[PDB]
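Let me begin by presenting the structure, written as C-alpha cells, before commenting on it.
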Amino acid sequence: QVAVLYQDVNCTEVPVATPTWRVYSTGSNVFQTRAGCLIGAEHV
Amino acid sequence: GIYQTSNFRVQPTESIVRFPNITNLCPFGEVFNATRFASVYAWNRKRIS
Amino acid sequence: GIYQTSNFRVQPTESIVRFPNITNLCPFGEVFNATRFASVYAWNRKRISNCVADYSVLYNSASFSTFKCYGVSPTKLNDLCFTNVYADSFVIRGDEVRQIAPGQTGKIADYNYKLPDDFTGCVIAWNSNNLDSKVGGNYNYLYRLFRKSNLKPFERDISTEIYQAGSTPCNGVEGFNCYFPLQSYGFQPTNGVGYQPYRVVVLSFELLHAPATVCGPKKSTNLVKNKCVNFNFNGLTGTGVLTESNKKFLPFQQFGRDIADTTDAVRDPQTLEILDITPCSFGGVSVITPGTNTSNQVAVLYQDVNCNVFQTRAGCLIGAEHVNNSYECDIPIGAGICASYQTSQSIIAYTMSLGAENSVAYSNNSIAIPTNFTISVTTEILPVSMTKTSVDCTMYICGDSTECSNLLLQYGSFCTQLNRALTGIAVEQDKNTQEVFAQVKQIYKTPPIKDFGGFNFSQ
Amino acid sequence: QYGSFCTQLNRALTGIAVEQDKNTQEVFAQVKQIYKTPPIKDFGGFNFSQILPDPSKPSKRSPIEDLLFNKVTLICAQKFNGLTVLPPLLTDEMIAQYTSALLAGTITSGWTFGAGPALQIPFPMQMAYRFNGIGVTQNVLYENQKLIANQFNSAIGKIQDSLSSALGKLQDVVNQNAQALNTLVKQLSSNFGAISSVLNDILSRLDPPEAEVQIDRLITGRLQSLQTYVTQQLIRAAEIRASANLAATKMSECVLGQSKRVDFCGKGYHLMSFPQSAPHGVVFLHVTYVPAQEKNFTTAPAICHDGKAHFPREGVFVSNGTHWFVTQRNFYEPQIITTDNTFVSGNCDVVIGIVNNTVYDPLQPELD
Amino acid sequence: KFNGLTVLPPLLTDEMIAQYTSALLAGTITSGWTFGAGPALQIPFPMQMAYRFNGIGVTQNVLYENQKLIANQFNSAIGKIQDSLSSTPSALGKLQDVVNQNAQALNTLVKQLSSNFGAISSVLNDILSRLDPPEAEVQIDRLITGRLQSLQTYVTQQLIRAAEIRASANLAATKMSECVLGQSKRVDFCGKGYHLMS
Amino acid sequence: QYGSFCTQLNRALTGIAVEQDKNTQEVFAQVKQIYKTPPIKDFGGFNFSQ
Amino acid sequence: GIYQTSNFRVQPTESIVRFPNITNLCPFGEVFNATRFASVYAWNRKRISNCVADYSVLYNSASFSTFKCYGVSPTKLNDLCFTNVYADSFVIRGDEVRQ
Ligand SMILES: *[C@@H]1O[C@H](CO)[C@@H](O[C@@H]2O[C@H](CO)[C@@H](O)[C@H](O)[C@H]2NC(C)=O)[C@H](O)[C@H]1NC(C)=O
Ligand SMILES: *[C@@H]1O[C@H](CO)[C@@H](O)[C@H](O)[C@H]1NC(C)=O
Ligand SMILES: *[C@@H]1O[C@H](CO)[C@@H](O)[C@H](O)[C@H]1NC(C)=O
Ligand SMILES: *[C@@H]1O[C@H](CO)[C@@H](O)[C@H](O)[C@H]1NC(C)=O
Ligand SMILES: *[C@@H]1O[C@H](CO)[C@@H](O)[C@H](O)[C@H]1NC(C)=O
Ligand SMILES: *[C@@H]1O[C@H](CO)[C@@H](O)[C@H](O)[C@H]1NC(C)=O
Ligand SMILES: *[C@@H]1O[C@H](CO)[C@@H](O)[C@H](O)[C@H]1NC(C)=O
Ligand SMILES: *[C@@H]1O[C@H](CO)[C@@H](O)[C@H](O)[C@H]1NC(C)=O
Ligand SMILES: *[C@@H]1O[C@H](CO)[C@@H](O)[C@H](O)[C@H]1NC(C)=O
Ligand SMILES: *[C@@H]1O[C@H](CO)[C@@H](O)[C@H](O)[C@H]1NC(C)=O
Ligand SMILES: *[C@@H]1O[C@H](CO)[C@@H](O)[C@H](O)[C@H]1NC(C)=O
C-alpha cells in the first residue's frame, strides 16, 4: 500500500488528472495538507 | 520513505475559430497578373487594395 | 541605500588606415577563368599571396557556387585579407556540383577533393558549354572510377594498378575482372544536356589571422592613436587606446599576444611600429539616495574614474561632499566611507566611525565595583519557517500540448531531480517549527490568580 | 538576445567580492577602541618587542608580521580584458592597526577590555590570573616568574626561526585562486569548433544573417567557461568563509580571554594568544602551558583515621615514600595533610583504598 | 574498470590505519592524555579514571568506592555496542552514503557516453564510416560538447562533494584530538552527558 | 583546438585525490611514536578486549 | 609530491572478423545455370528472399561482363544488396548488347 501525494491540488481537481489509477482518482479518503493533497492516508 | 515519480498534466477540451466579416479575391491575379510594366528606372511601388 | 545600474561606456570615432599599395598581383581571375581546365583526375596547384585580392568576382558573372565558409558582413570580403590562396583547378562532369561541397558524399568522393572542412575559398563551378566540349568527343579529361575509396582530402591520386576487385591479383592485365584504372570522359556538345562540360577551380585560404598578406586595396589616410579608438588597420581594427610599446621585439617577431590575443601584433607594415592595444577605463555606477520619501536627491557613485566631487578608492562620488568630521555609518558606500542625509540640506558622504573612545586609569592598586544594577529586556527576532510553495514541473515548463509529452522526455526524467527536492523543503519547514516551540512535552497553564510577588506578566 | 544570462553572473562575483570585506572586519574588528602600549616597556621580564609594532619601520608592522609579508608572494597585469581585481576595503595599514590594538589590550588591559570597561593590571599579576585558570595556584608563578619570563622570551623569539626556515595555508589560496582565474583568460584562445578564436577576425566574410551561427558557437563556448569559473569561485568563497568564521571565533575567545577547550588554541593548556596580521589571513601565536619532568608516587582515594575519612579539597594524595602529602593537580607542591585543606565524609568503612594516616590538630600547641 | 576511469587506493592501507588506531588505543589506556601532551607516562588506568572523574566535578572517591560498579558498566556498555552495529544495517549509514554517492555519480558519467547529444549516432567509428570528413567533423563537434559538459558536471560535483567531506575530516581530526587525547568540557561534543573518555 | 578544457578537469580532479591523503594523515597521525599494550592486561576490572 | 601526468592504456592486440551466418542458404544459384531458357518476348522472374544472396560472380568464373552500375565498394556488393530479386528471362538478337 502507498499514499500518493500531490503538491498543487485540492480535493476536486485531482480525479480529472490502467484502471488502477482510477482508484486514486476519486479516493475514499482524501487529506488536504500543506505540502499538497496526499491520497491514500487517513488523518487522525 | 517518500519518493517522487512524475507530474500529472491536464489537457485542453475544446477549440474554435473567429474571423471578421471581410472577404476579397486575388488568387495570383489582381495582385499577380501580367500588368504591362515600365522600364527599370520607373519602378515605382504601386499600391494595391 | 546604494544600488547599481548600467555602467559607463565610451565609443571610438575614427578608423583611418595607412598602408594600402597591396602590390598588383591579379592571379585570382587567372585561376577563375583561363584555357580549358584540366580533368578532375589531376588538379593544378596555385597559390595567391601579396596580391591586391580584388574581390570583384562570384557576385559577378553568374552560376558559380556558394561559400558556407566565411565569417560576418560578406560583401567583397576585404577587411580581413586571409593568409593563403590555395588555388586548385580541374574539370568535372558538371552535373555533380554538390559532390565537391560540405556534405552529400556519393561516388565522386572516392579519390577526388574530399573538402575536409573550412576550405576557405569556396568553389566557383560555373557553366561553360561552348568551351571544353568538341563534336569529336573531346575525351581529354580522364578520371579514375574507384581505388580503395577514402583517398584523403589533400591527397592527389595520380597512379596506376587499378583495384581489380577480386580474389586474385591484378597481374597487370585488363580482362575478366580486370577493369581499366581510368574512366573516359567522352562527352560532346550534342549529348549530355545535364552533363555538359563545366569549369570549376576551387580555392583554399586556411584563414589564420586578420593582419596578413594577400590583402585588398585600403585607404592610407593616416595613423591615429592615443584616443581609445578602433581604427581599421589592415585586417585588424584594434580595441581600446594605444600606448607606447616598450617591449623588445625582433624582425621575425612582428605579432604580439601574451594570453588574450591582445592587439600587440600591429607591427605597422607601413612603418614598422609595434603598438600596444589596451581598452580605456570601463567605469562604474551606483546611486546613493536617501529614499523617495525624504527628498528626490541622489549622489552617483562610480567604480573606477580618475576625477563637488570626492575622490574615493571605490570611485567618484558626485553630489555628496566629504566633511572632515566623521559620523556613524548610515548608507554603506564601501571602503570605510558612508553617505547620509544630514544638515539648507544636501547629501553628505563621510568617513565611518567605530565608536566613542574611553579609557580607565589604574596603578598597582585599583579596581571598580558596581553599586547599583538595572534589569533590562531586549528582543531577538529569529526566522523559523518560510511559507513553502509547491510548484510542479510540467505545466510551468509545458502546459497541455500534444508534443508536450514527447519532446519533454527527450531530456529524460530531470523533473525527478526537480520536484523531488521541493517537497523536502516543505517538510523541513514544519520540522523547524516543531522542534522550536514543541520543546516541553506537557502543556501547562498559569494559576487563575496573578500574584508573583510584584512582577507583572500581563504583557 | 541570448538573454540576461550573466546579468546575475556579475551579481555572483560582486556578491563574493563584497563579502570578503565582511570577513576581514568580523575577524579583526573585535574592539571599538585602539589601545596603545605604554612608552615604558617593563612587563616584569617579558619581552613583547618581537610582536608589537616597531616605530622605527615606517610601515609600523611588528617583526613577525614583517617576516610573514615577505614570505608570501600576467600574474598582476592581465592587460585588462574584462577582468580586474578590486582592492580590499581596509588596507594592511588598517589591519595592522587593528591587530596592534588587540595586543595593546591583552598585554595591559588583560582580557577585561573586551567585556566592558577595559580595566588594566600589571602583566605578572595577570599571568597569575591565567595560571589560576589551568589548576596551577597563583604562587606557582611568582616563585618562578624570572624563569617563566626567560622561557617565554626565548620561545616567542624562536617563531621566526621556524618561519624563516611554512605559510602553506595562505600560499595555497593565492596560488589556487590565481590559477583558477588564469585558465579563464587562457581559454579564450580556444576555437570551440569555430573557424577562428578571434571575433574581429571573422567579421568580414559571411552574411551577418548567415554569420550568427558561426559567432553563436563562440557565444555558447566562452559563456560556459565564464560560468564555470563563477560557480567554482562561488563554492571556494564558502570554504574561505568557514575558515574566516573559524578565525573570528579564535580571535574572540583564545585571545580575548582564556579558553578551556583541550586543543583549540594550541597544544596543551591555554594561557593567552597574540594575533598577527598576514596577507589574506591571520597568524595566531598561542601561548600554551605544557608539563614535563613528572614523577611517580603512590595514591589513595582518601586518608582514614579514628573511624573518620578525610578527602582532599583540591588536590591528589601522594606518597613521598614514608609520609603522605596533599599536592595540587598539575604542579608538584607537597603540603602537610591538614584538615584545613581536606574535608570529611562517610565512615571510612565503605571506601576502598583508604590508608591510615594522621593529620595535624592546631589546638594541641595551645594547651601545652 | 571502464574506459578512461580508474581508482587509486587510500594513502594508508586498512592494515596500516589499524596501526595508528592500535597505538592511540594502547597509548590512551597506559598513559591517559600524557602522551598527547608530552612523553607518555605510566599512570595506571584504574586510578586514571579518578583523574577523569575529578575533571568533571565528581570527587575521586566515587571511583574507588564504586570501582567494581564502574568497571562492570564499562564492560557491559562496550559489549552492548557491538550488537547495536551488527543488529541493524543503518548504523554505518554515513560511511555507506559516501561510497554509494561516489559510485552512482561515477556510473552516470560512463552511462552518458551512450547519449547521442543530437548527432546521428553515439559511436565515433560508424559516423566516420557514414559521414564525410566535413559531416563527420561538423557532427563530431556536437558529440564532444555533450561529453565535456557531462564530464565537467562530474568534476564540479566532486569538488562540491569533496568540500563537504573535507568538513567531516577536519571535524574528525579535531574531535579525535580533543576527545581521544583529553577530556572535553564542551557540552555537546562527545555524546550526551559529561565526557569521560573516547 | 578545443582548448585547455581537457587539462583543467584532470588537474582539478587530481586535487581531490591528493586531498584524501591529506584528510587521513591529519586524523590518525596524532602520535609521533608507536605504543604497544602491556603483555599482562589487568586494568582493575575493565575489559578492553573488545 | 605526486602528479598525475598521463595514462598508459593497453591497446587492442587485433580485430577478429567473421559473420554469424544467420538467415542463409541462397538458392540464387539456380538462375543463370538452368535449362529451357525462355524467349525474348516471354517474360520471367524469380523472387529471392530470406537467404544470403551470395552475389559473387563477375570476379568469378569466366565471361559475364559487367553493367557499370555500382555505389559504395564497386564490384564488391555485400554492403549493398537491396531486398528484391528480378530474374528476367529473355534472349537478345546477340548483336545489340549495348542496345
Ligand atoms: C571481558 O569483559 C567481560 C565484562 O563482563 C568479562 O568477560 C566475561 O567473563 C565471564 C566470566 O567467565 C563470562 O561468563 C562472560 O561470558 C564474559 N563476557 C561477558 C560479556 O560477560 C570479563 O570481565 C573480561 N575478560 C574476559 C577474559 O572476558
Ligand atoms: C481547494 O479546492 C476546493 C474544491 O472545491 C475548494 O472548495 C477550496 O476552497 C480550495 N481551497 C482550499 C484551501 O481548500
Ligand atoms: C459583417 O458581419 C456580419 C456578421 O456579423 C455579416 O453578416 C455581414 O455580411 C458582414 N458584412 C459584409 C460581409 O459586408
Ligand atoms: C515617509 O516619511 C518618513 C521619511 O523618513 C518615513 O520614516 C515614514 O515611514 C514614511 N511614511 C509614509 C506615510 O510614507
Ligand atoms: C590620476 O590622474 C592624476 C592626474 O595627473 C595622475 O597624477 C594620477 O597618477 C592618476 N592616478 C593614478 C593611479 O595614476
Ligand atoms: C580638513 O582638514 C584639512 C587639513 O589641514 C584642511 O586643509 C581642510 O581645510 C579641512 N576641511 C575644511 C572643509 O576646511
Ligand atoms: C541605584 O542607583 C542609584 C544611581 O543610579 C544609586 O544612587 C542608588 O544607591 C542605587 N540603589 C541603591 C539601593 O543603592
Ligand atoms: C608599582 O609602582 C611602581 C611605581 O614606580 C612601578 O615602578 C612598579 O612597576 C609598579 N608595580 C607593578 C607590578 O606594576
Ligand atoms: C620523605 O620525606 C622525608 C622528610 O624528612 C625525607 O627524608 C625522605 O627522603 C622522603 N622520602 C624519600 C623516599 O626520600
Ligand atoms: C587502620 O586502623 C584501623 C583502626 O582499628 C585498623 O582496624 C586497620 O587494620 C588499620 N589499617 C591497617 C592497614 O592496618
Ligand atoms: C553452372 O555452371 C557453373 C560453371 O562452373 C557452376 O558455377 C555451376 O555448376 C552452375 N552454376 C551455379 C550458380 O551453380
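Chain identifiers are assigned as A, B, and so on, following the order in which chains appear in the C-alpha cells; residues are numbered from 1 within each chain, and ligands are numbered from 1 in order of appearance.
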
Residues within 8 Å of residue E:119, only C-alpha atoms, excluding chain neighbours under 2 positions, as a PyMOL selection string: chain E and resi 116-117+121-122+139-140+142-143

For the interface of chain F with chain G (cut-off 10 Å, counting only C-alpha atoms), please tabulate each contacting residue of chain F alongside its nearest pair of atoms and their separation in Å to one decimal, rows sorted by chain and increasing number, as JSON lines.
{"residue": "F:10", "atom": "CA", "partner": "G:4", "partner_atom": "CA", "distance": 8.2}
{"residue": "F:11", "atom": "CA", "partner": "G:4", "partner_atom": "CA", "distance": 7.8}
{"residue": "F:13", "atom": "CA", "partner": "G:4", "partner_atom": "CA", "distance": 9.8}
{"residue": "F:14", "atom": "CA", "partner": "G:4", "partner_atom": "CA", "distance": 6.8}
{"residue": "F:15", "atom": "CA", "partner": "G:3", "partner_atom": "CA", "distance": 9.5}
{"residue": "F:17", "atom": "CA", "partner": "G:4", "partner_atom": "CA", "distance": 9.7}
{"residue": "F:18", "atom": "CA", "partner": "G:2", "partner_atom": "CA", "distance": 8.2}

Would you mind listing, for every residue of chain D within 8 Å of ligand 10, the two atoms forming the shortest contact and the distance between them in Å to one decimal, using only C-alpha atoms and all ligand atoms, sorted by chain and ascending residue number, as CSV?
residue,atom,partner,partner_atom_place_in_ligand_line,distance
D:304,CA,ligand 10,1 (C),7.5
D:305,CA,ligand 10,2 (O),6.3
D:306,CA,ligand 10,4 (C),6.4
D:307,CA,ligand 10,4 (C),6.8
D:355,CA,ligand 10,13 (C),6.7
D:356,CA,ligand 10,1 (C),5.0

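Summary of the local environment: counting only C-alpha atoms, residues at most 10 Å from stretch 15-26 of chain G, other than itself and those fewer than 2 positions away along its chain, are residues 12, 13, 28, 29, 30, 48, 49, 50, 51, 52, 53, 54 and 55 of chain G.
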
Close residues to ligand 2 using only C-alpha atoms and all ligand atoms, limit 12 Å, as a VMD selection string: chain A and resid 8 to 15 30 to 37

May I have the residues from that selection written out with N, CA and C atoms, as a PDB file, in the first residue's frame?
ATOM      1  N   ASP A   8       0.352  20.772  -5.819  1.00  0.00           N
ATOM      2  CA  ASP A   8      -0.635  21.806  -6.115  1.00  0.00           C
ATOM      3  C   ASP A   8      -1.937  21.134  -6.534  1.00  0.00           C
ATOM      4  N   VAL A   9      -2.769  20.812  -5.545  1.00  0.00           N
ATOM      5  CA  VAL A   9      -4.064  20.189  -5.797  1.00  0.00           C
ATOM      6  C   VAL A   9      -4.966  20.473  -4.609  1.00  0.00           C
ATOM      7  N   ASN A  10      -6.273  20.362  -4.834  1.00  0.00           N
ATOM      8  CA  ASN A  10      -7.257  20.318  -3.761  1.00  0.00           C
ATOM      9  C   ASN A  10      -8.002  18.994  -3.875  1.00  0.00           C
ATOM     10  N   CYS A  11      -9.117  18.850  -3.166  1.00  0.00           N
ATOM     11  CA  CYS A  11      -9.876  17.607  -3.199  1.00  0.00           C
ATOM     12  C   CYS A  11     -10.842  17.525  -4.380  1.00  0.00           C
ATOM     13  N   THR A  12     -10.671  18.356  -5.404  1.00  0.00           N
ATOM     14  CA  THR A  12     -11.605  18.368  -6.526  1.00  0.00           C
ATOM     15  C   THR A  12     -10.938  18.188  -7.882  1.00  0.00           C
ATOM     16  N   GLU A  13      -9.744  18.743  -8.080  1.00  0.00           N
ATOM     17  CA  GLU A  13      -9.094  18.744  -9.384  1.00  0.00           C
ATOM     18  C   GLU A  13      -8.109  17.594  -9.562  1.00  0.00           C
ATOM     19  N   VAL A  14      -8.030  16.683  -8.599  1.00  0.00           N
ATOM     20  CA  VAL A  14      -7.152  15.520  -8.699  1.00  0.00           C
ATOM     21  C   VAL A  14      -7.768  14.472  -9.622  1.00  0.00           C
ATOM     22  N   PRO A  15      -9.043  14.105  -9.441  1.00  0.00           N
ATOM     23  CA  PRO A  15      -9.594  12.992 -10.238  1.00  0.00           C
ATOM     24  C   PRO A  15      -9.463  13.187 -11.738  1.00  0.00           C
ATOM     25  N   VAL A  30      -9.383  11.401   1.389  1.00  0.00           N
ATOM     26  CA  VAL A  30      -8.567  12.465   0.816  1.00  0.00           C
ATOM     27  C   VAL A  30      -8.225  13.454   1.918  1.00  0.00           C
ATOM     28  N   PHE A  31      -6.938  13.761   2.054  1.00  0.00           N
ATOM     29  CA  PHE A  31      -6.453  14.707   3.048  1.00  0.00           C
ATOM     30  C   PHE A  31      -5.815  15.890   2.338  1.00  0.00           C
ATOM     31  N   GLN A  32      -6.210  17.097   2.731  1.00  0.00           N
ATOM     32  CA  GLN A  32      -5.669  18.330   2.168  1.00  0.00           C
ATOM     33  C   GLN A  32      -4.729  18.939   3.202  1.00  0.00           C
ATOM     34  N   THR A  33      -3.430  18.769   2.986  1.00  0.00           N
ATOM     35  CA  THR A  33      -2.398  19.257   3.890  1.00  0.00           C
ATOM     36  C   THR A  33      -1.583  20.345   3.199  1.00  0.00           C
ATOM     37  N   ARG A  34      -0.622  20.902   3.939  1.00  0.00           N
ATOM     38  CA  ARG A  34       0.178  21.999   3.404  1.00  0.00           C
ATOM     39  C   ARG A  34       0.944  21.566   2.161  1.00  0.00           C
ATOM     40  N   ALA A  35       1.715  20.481   2.264  1.00  0.00           N
ATOM     41  CA  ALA A  35       2.526  20.043   1.136  1.00  0.00           C
ATOM     42  C   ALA A  35       1.686  19.764  -0.100  1.00  0.00           C
ATOM     43  N   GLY A  36       0.407  19.450   0.077  1.00  0.00           N
ATOM     44  CA  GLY A  36      -0.476  19.178  -1.038  1.00  0.00           C
ATOM     45  C   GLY A  36      -1.676  18.360  -0.615  1.00  0.00           C
ATOM     46  N   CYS A  37      -2.167  17.505  -1.509  1.00  0.00           N
ATOM     47  CA  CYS A  37      -3.286  16.609  -1.218  1.00  0.00           C
ATOM     48  C   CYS A  37      -2.770  15.180  -1.349  1.00  0.00           C
TER      49      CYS A  37
END

Selected residue of minimal separation from residue E:34 among D:221, D:38, D:291, D:110, counting only C-alpha atoms: D:291

What are the residues of chain B that have an atom within 8 Å of an atom of chain A, counting only C-alpha atoms, as a PDB file with N, CA and C atoms, in the first residue's frame?
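Listing of selection_33.pdb after writing:
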ATOM      1  N   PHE B   8       1.335  14.930 -12.915  1.00  0.00           N
ATOM      2  CA  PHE B   8       0.140  14.752 -13.728  1.00  0.00           C
ATOM      3  C   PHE B   8      -0.212  16.046 -14.450  1.00  0.00           C
ATOM      4  N   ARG B   9      -0.576  15.923 -15.722  1.00  0.00           N
ATOM      5  CA  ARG B   9      -0.903  17.059 -16.571  1.00  0.00           C
ATOM      6  C   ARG B   9      -2.400  17.107 -16.852  1.00  0.00           C
ATOM      7  N   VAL B  10      -2.858  18.278 -17.287  1.00  0.00           N
ATOM      8  CA  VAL B  10      -4.247  18.496 -17.675  1.00  0.00           C
ATOM      9  C   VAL B  10      -4.262  19.058 -19.090  1.00  0.00           C
TER      10      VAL B  10
END

Selection: 12 Å around stretch 41-49 of chain B, only C-alpha atoms, excl. self and same-chain fewer than 2 positions, as a list in words: residues 23, 24, 25, 26, 29, 30, 31, 32, 35, 37, 38 and 39 of chain B

Atoms kept (N, CA, C and O atoms) for selection, written as a PDB file, in the first residue's frame:
ATOM      1  N   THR B  23     -13.984  39.857 -46.864  1.00  0.00           N
ATOM      2  CA  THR B  23     -13.609  38.847 -47.844  1.00  0.00           C
ATOM      3  C   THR B  23     -13.274  39.543 -49.154  1.00  0.00           C
ATOM      4  O   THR B  23     -13.916  40.530 -49.521  1.00  0.00           O
ATOM      5  N   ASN B  24     -12.203  39.092 -49.819  1.00  0.00           N
ATOM      6  CA  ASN B  24     -11.781  39.683 -51.121  1.00  0.00           C
ATOM      7  C   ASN B  24     -11.523  38.544 -52.113  1.00  0.00           C
ATOM      8  O   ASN B  24     -12.173  37.491 -51.960  1.00  0.00           O
ATOM      9  N   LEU B  25     -10.603  38.740 -53.070  1.00  0.00           N
ATOM     10  CA  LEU B  25     -10.259  37.666 -54.047  1.00  0.00           C
ATOM     11  C   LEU B  25      -9.173  38.120 -55.029  1.00  0.00           C
ATOM     12  O   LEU B  25      -9.472  39.000 -55.860  1.00  0.00           O
ATOM     13  N   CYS B  26      -7.966  37.547 -54.945  1.00  0.00           N
ATOM     14  CA  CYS B  26      -6.892  37.838 -55.939  1.00  0.00           C
ATOM     15  C   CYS B  26      -5.962  36.622 -56.023  1.00  0.00           C
ATOM     16  O   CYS B  26      -4.778  36.763 -55.663  1.00  0.00           O
ATOM     17  N   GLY B  29      -3.732  36.984 -59.369  1.00  0.00           N
ATOM     18  CA  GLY B  29      -4.429  37.677 -60.469  1.00  0.00           C
ATOM     19  C   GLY B  29      -4.426  39.175 -60.236  1.00  0.00           C
ATOM     20  O   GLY B  29      -3.451  39.831 -60.646  1.00  0.00           O
ATOM     21  N   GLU B  30      -5.463  39.698 -59.576  1.00  0.00           N
ATOM     22  CA  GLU B  30      -5.493  41.146 -59.238  1.00  0.00           C
ATOM     23  C   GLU B  30      -4.098  41.564 -58.765  1.00  0.00           C
ATOM     24  O   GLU B  30      -3.629  42.638 -59.185  1.00  0.00           O
ATOM     25  N   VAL B  31      -3.466  40.737 -57.928  1.00  0.00           N
ATOM     26  CA  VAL B  31      -2.108  41.056 -57.399  1.00  0.00           C
ATOM     27  C   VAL B  31      -1.053  40.508 -58.368  1.00  0.00           C
ATOM     28  O   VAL B  31      -0.035  41.194 -58.575  1.00  0.00           O
ATOM     29  N   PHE B  32      -1.290  39.326 -58.947  1.00  0.00           N
ATOM     30  CA  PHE B  32      -0.278  38.702 -59.840  1.00  0.00           C
ATOM     31  C   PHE B  32      -0.883  38.393 -61.212  1.00  0.00           C
ATOM     32  O   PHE B  32      -1.261  37.231 -61.440  1.00  0.00           O
ATOM     33  N   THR B  35       0.066  42.773 -66.232  1.00  0.00           N
ATOM     34  CA  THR B  35       0.117  44.220 -65.878  1.00  0.00           C
ATOM     35  C   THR B  35       1.338  44.849 -66.556  1.00  0.00           C
ATOM     36  O   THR B  35       2.353  45.049 -65.865  1.00  0.00           O
ATOM     37  N   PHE B  37       4.453  46.557 -67.601  1.00  0.00           N
ATOM     38  CA  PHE B  37       5.231  47.443 -66.696  1.00  0.00           C
ATOM     39  C   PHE B  37       6.100  48.415 -67.494  1.00  0.00           C
ATOM     40  O   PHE B  37       6.265  48.215 -68.714  1.00  0.00           O
ATOM     41  N   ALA B  38       6.631  49.441 -66.823  1.00  0.00           N
ATOM     42  CA  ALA B  38       7.525  50.377 -67.485  1.00  0.00           C
ATOM     43  C   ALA B  38       8.963  49.871 -67.373  1.00  0.00           C
ATOM     44  O   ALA B  38       9.216  48.733 -66.972  1.00  0.00           O
ATOM     45  N   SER B  39       9.898  50.752 -67.724  1.00  0.00           N
ATOM     46  CA  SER B  39      11.329  50.369 -67.672  1.00  0.00           C
ATOM     47  C   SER B  39      11.786  50.246 -66.218  1.00  0.00           C
ATOM     48  O   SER B  39      10.993  50.571 -65.311  1.00  0.00           O
TER      49      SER B  39
END

Test item: residues no farther than 7 Å from ligand 3, counting only C-alpha atoms and all ligand atoms, as number ranges by chain: B: 20-23

Export of prior selection with N, CA and C atoms as a PDB file, in the first residue's frame:
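So result-v8.pdb came out as:
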ATOM      1  N   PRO B  20     -13.121  38.121 -38.946  1.00  0.00           N
ATOM      2  CA  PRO B  20     -14.027  39.236 -39.247  1.00  0.00           C
ATOM      3  C   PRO B  20     -14.943  38.929 -40.419  1.00  0.00           C
ATOM      4  N   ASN B  21     -15.772  39.900 -40.806  1.00  0.00           N
ATOM      5  CA  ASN B  21     -16.726  39.734 -41.895  1.00  0.00           C
ATOM      6  C   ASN B  21     -16.212  40.311 -43.209  1.00  0.00           C
ATOM      7  N   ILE B  22     -14.904  40.260 -43.435  1.00  0.00           N
ATOM      8  CA  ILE B  22     -14.297  40.782 -44.652  1.00  0.00           C
ATOM      9  C   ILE B  22     -13.925  39.616 -45.557  1.00  0.00           C
ATOM     10  N   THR B  23     -13.984  39.857 -46.864  1.00  0.00           N
ATOM     11  CA  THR B  23     -13.609  38.847 -47.844  1.00  0.00           C
ATOM     12  C   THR B  23     -13.274  39.543 -49.154  1.00  0.00           C
TER      13      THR B  23
END

Gap from atom CA of residue C:417 to atom CA of residue B:4 - Å, one decimal: 8.9 Å

Exercise answer, 9 Å around ligand 11 with only C-alpha atoms and all ligand atoms, as a ChimeraX atom specification: /G:27-34,57,60-62

Just C-alpha atoms for this one: save the residues we selected as a PDB file, in the first residue's frame.
ATOM      1  CA  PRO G  27      19.002 -20.681 -53.935  1.00  0.00           C
ATOM      2  CA  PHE G  28      20.130 -17.755 -56.096  1.00  0.00           C
ATOM      3  CA  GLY G  29      22.453 -20.174 -57.900  1.00  0.00           C
ATOM      4  CA  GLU G  30      19.672 -21.857 -59.897  1.00  0.00           C
ATOM      5  CA  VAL G  31      19.088 -18.779 -62.048  1.00  0.00           C
ATOM      6  CA  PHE G  32      21.955 -18.461 -64.527  1.00  0.00           C
ATOM      7  CA  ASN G  33      22.798 -22.182 -64.762  1.00  0.00           C
ATOM      8  CA  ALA G  34      19.488 -23.758 -65.781  1.00  0.00           C
ATOM      9  CA  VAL G  57      30.139 -13.770 -59.934  1.00  0.00           C
ATOM     10  CA  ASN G  60      34.341 -15.430 -60.597  1.00  0.00           C
ATOM     11  CA  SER G  61      34.289 -17.954 -63.439  1.00  0.00           C
ATOM     12  CA  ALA G  62      34.662 -16.564 -66.968  1.00  0.00           C
TER      13      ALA G  62
END

Residues within 10 Å of residue E:159, only C-alpha atoms, excluding chain neighbours under 3 positions, as a ChimeraX atom specification: /D:232,235-236 /E:153-156,162-165 /F:12-13,15-16

Pull C-alpha atoms from the residues just selected and write them as a short mmCIF file (atom, residue, chain, number, x, y, z; two decimals), in the first residue's frame.
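Now in out_1.cif:
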data_model
loop_
_atom_site.label_atom_id
_atom_site.label_comp_id
_atom_site.auth_asym_id
_atom_site.auth_seq_id
_atom_site.Cartn_x
_atom_site.Cartn_y
_atom_site.Cartn_z
CA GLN D 232 33.90 27.28 -8.90
CA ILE D 235 31.98 27.38 -3.98
CA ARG D 236 35.52 28.17 -2.83
CA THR E 153 29.50 18.34 -14.33
CA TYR E 154 31.12 15.27 -12.77
CA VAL E 155 34.28 17.16 -11.82
CA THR E 156 32.24 20.01 -10.34
CA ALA E 162 34.76 16.74 -1.61
CA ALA E 163 34.32 20.08 0.15
CA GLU E 164 31.57 18.69 2.38
CA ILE E 165 33.60 15.53 3.06
CA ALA F 12 41.34 19.74 -10.74
CA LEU F 13 40.26 16.11 -10.37
CA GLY F 15 43.36 17.75 -6.39
CA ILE F 16 40.63 15.72 -4.70
#

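The interatomic distance for the pair atom CA of residue C:286 and atom CA of residue C:4 works out to 4.4 Å.
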
Option closest in space to chain C, from B:27, B:40, B:33, B:12 [counting only C-alpha atoms]: B:12

Near-residue C:170 list (12 Å; only C-alpha atoms; drop same-chain fewer than 3 positions) as a VMD selection string: (chain C and resid 160 to 167 173 to 181) or (chain G and resid 59)

Nearby residues, ligand 1, 6 Å, only C-alpha atoms and all ligand atoms, as a VMD selection string: (chain E and resid 72 75 to 76 79) or (chain F and resid 47)
